[PDB]
C-alpha cells in the first residue's frame, strides 16, 4: 500500500483537450498557428476541437469522480487569459478555470495547474517568445494574475511542463511550435525558460497563497549504456548530464553543468548577475515526467554519443517500456539532488485502442504498463524517494501534438466524431488501484 493520502491523479493539457480555439475572446497561440502549417501534423489534425473539453468539462469532471481521482493535473491556456499584446486579462478565459477548479473541489479532487504546457500566446511570440529575456517577465506577470485569482484554490502549481522539449522540439528540430530549427539557440531558450520559472516562483512567493505550493515539471529519460565498455559508460554519463540534468543542475545548484556549457558555449552571455540565484530559489516540489529510457553507445563522430533504438517492448510511439527506468530515475534524482518532494506528473502509454462489438475498450497492454510503472514507483518510495503523487498521462485520448489523433494515451477513450467518452479497462483498473491505495 502507498502512504495514506497519496495523491492518485490523471493529467491533461489545455491545447491537447480543450478545443474552443477561438471562442470567448481566446487569442491565437503558437499551436493554433503551427497546426495550420501543412505537413507539420499527421493527418492535418489540430486542436481546434480536440476533446471539446472547454464545453464538456462537467462531463469530464464526473468521469474523474467516477474513477475516484484524488487530484487532477491540467494546464492553463495562457492565450485564454491574455489573448493579445495589450496584456489585458480576458475574464471569460479566467472564468473557465475558476469554474473548472470549483468543480474539482466540489468533487474532492485536488487541482494541480500547469501554467505553461507549450501553448504560448502568439503575442508573446511576436515579442520574441523564449528567445527574449522579457518573455520571463511576461510569464511572471501571467503567473501573478493566475495566482492572485486562484492561488489558494489550487494547492499545487507547476510553472513549466518539460522545458527540455520546448528547447529540443521547438528550437532544435522544429517538430513543435514555434518550429525553429537552430540548435545554437537552445541554451538561450533554456536560460529564459529557467528565468521565467524563477520569476514566476518569485511572484508566487510574493503572493504566498495559503496552503499552496509551486514547483516545475521536468521530463527525463533514464540513460543506460548499451555495454559495460568504458567509452559507452562515458557517453551514457555525458548524455545523462545533458538529457536529464540540463535543468535540474541550475534549478538545484545554481549553475549549469559542463555538458550544457559545452553544448551551448554562448550560454553565459544570457546570464545576468542575479539570474542563477533567481533560477535556483527553492521549489516546493519537483514534477517528474517519465515514459521511457534511452540506451546510449559511444560513437567516433561528434558529439560522440548515439542513441540506440529498441524494437521491443515498445508502445505505439515506439517508446521502450522499462518500468525499472522510473525507479532508477527517482532514486538518481533523490541521491544527486537530495530527498525533495516529487510528484510523477506524467507517466502512461499509447496503444492502438479499438472498441469491440459491444462498445468496450479493453487495453490490457496499458494496464500492464501501469502495473509495472506504479510498482516501480512504489519501490522507489520504499527506498526513500519522497513520492507524493502519481498522475497517469492521460485522463483522455487527446491531440498528441505532431502525431495528431493517431496516438491514444487516455485511460478514457474518446470518439472524436461524437465526443463520446468510454472508460477503458485501464481506467477501471486504475479506479481499483486508487480504491486499494496500491496494486
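Numbering follows the first chain given and starts at 1.
In this entry, 272-280 has the higher mean Cα B-factor, the comparison being between 215-223 and 272-280. Comparing the deposited coordinates for 229-237 and 157-165, the stretch with the larger average C-alpha B-factor is 229-237. The residue among 189, 79, 326, 340 whose C-alpha carries the highest B-factor in the deposited model is 340.
You'll see in the entry that, of 38, 375, 410, 68, the Cα B factor peaks at 38. Sort the chain's modelled residues by C-alpha temperature factor and residue 319 lands in the middle third, per the entry.
Placement of the Cα temperature factor of residue 58 within the chain: middle third of the modelled residues, per the deposited record. When the modelled residues of the chain are ordered by their C-alpha B factor, residue 404 lands in the middle third. Ranked against the other modelled residues of its chain, the C-alpha B-factor of residue 27 as given in the entry falls in the middle third. Among all modelled residues in its chain, residue 249 ranks in the middle third by Cα B-factor.
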